[PDB]
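Starting off, we have a lone chain in the form deposited without this ligand, written out as structure tokens.
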């Protein structure tokens, strides 16, 4: 408990978070811990707060790592507090909802998809340079701002029965091989397909059949290949190479020509407006 506490108390701030924040509202769904949205009473900034507390954790190290390493395209650590038999971690939050609501209720054009893909690749290049693998690049984990900001958020037994379909997972992942950061590039490709088709792949499959198809055939079958520009199709091909060596890195894909048709992020705000109206 010594090492554990002391490191906290270096970084954790003094004060009562109960007075610094108002308008708490549950949204998680912790584990691990419970996650609320709330508002800074001094600045009006809206934040997300996770309250938790404990077998052990890297918690302190991640916390330390994320306080030292921030990036505009991820939701960043803001502050932390030890509150009684609890720990509170305060992180950034955005009010424009998830990419999956946009994907579900609108039809994105290639310029908008390129804008999103570019923001995500900026997050991924950053994370990968810090030896972090997200592992869950999917529309549910992309948060949008009212100004069109884009941030990544939220970053097994063989005997267990599979419940959800792990549609975003790379072949090397589903076949339980050793794997690296490029699994995130695969999931990005899947997410780009989701944006253009308006729903994730494998929707009509059992988890096991989907698992088999991913391992065996790799990329899902494009429902309507004719509809995509050559340059978008090239970008997808680069993301969804089954051979990890041939698959692009985040750094390389940042240079891809598809990203150069990206609209300004302001082009996403009409999509957020549609999605909120729809929901």
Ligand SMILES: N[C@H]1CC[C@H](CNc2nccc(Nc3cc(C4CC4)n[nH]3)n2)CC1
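Positions refer to the first chain, counted from 1.
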**Message:** What does the record say about the segment between residue 155 and residue 156: how many deposited residues are without coordinates (none, 1 to 3, 4 to 9, 10 or more)?
**Reply:** 4 to 9
**Fill in**
Unresolved deposited positions lying between residue 29 and residue 30 come to none
**Message:** Mean Cα B factor from the PDB record: higher for 21-29, or higher for 262-270?
**Reply:** 21-29
**Message:** Quick check on the record: does 246-254 or 65-73 carry the larger mean Cα temperature factor?
**Reply:** 65-73
**Asked** Which third of the chain holds residue 212 when residues are ordered by C-alpha B factor: lowest, middle or highest?
**Response** middle
**Request:** Comparing against every modelled residue in the chain, figure out the third that the C-alpha B-factor of residue 147 lands in (lowest, middle or highest).
**Result:** middle
**Prompt:** Comparing residue 111 with the other modelled residues of its chain, is its CA B-factor in the lowest, middle or highest third?
**Reply:** lowest
**Request:** Would you please rank residue 168 by its C-alpha temperature factor against the other modelled residues of its chain and give the third it falls in: lowest, middle or highest?
**Result:** lowest
**Request:** Ordered by C-alpha B-factor within the chain, which third holds residue 117? Give me lowest, middle or highest, please.
**Result:** lowest
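Unshown form deposited with this ligand bound; subsequent notes refer to it.
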**Asked** in the entry with it bound, do 35, 75 and 92 all reach within 4.5 Å of this ligand through at least one heavy atom apiece?
**Response** yes
**Asked** Counting only non-hydrogen atoms and a 4.5 angstroms cut-off, does residue 140 reach this ligand in the entry with it bound?
**Response** yes
**Asked** Heavy atom to heavy atom, is residue 97 within 4.5 Å of this ligand in the entry with it bound?
**Response** yes
**Message:** Under a 4.5 Å heavy atom criterion, is residue 240 part of the interface with this ligand in the entry with it bound?
**Reply:** no
**Message:** Given that this ligand is not shown alongside this chain, does residue 149 nevertheless sit within 4.5 Å of it in the entry with it bound, heavy atom to heavy atom?
**Reply:** no
**Prompt:** With this ligand left out of view, which of 236, 250, 48, 210 would have a heavy atom within 4.5 Å of it in the entry with it bound?
**Reply:** 48
**Asked** Any idea which of 141-149, 186-194, 173-181, 112-120 reaches within 4.5 Å of this ligand in the entry with it bound, heavy atoms considered?
**Response** 141-149
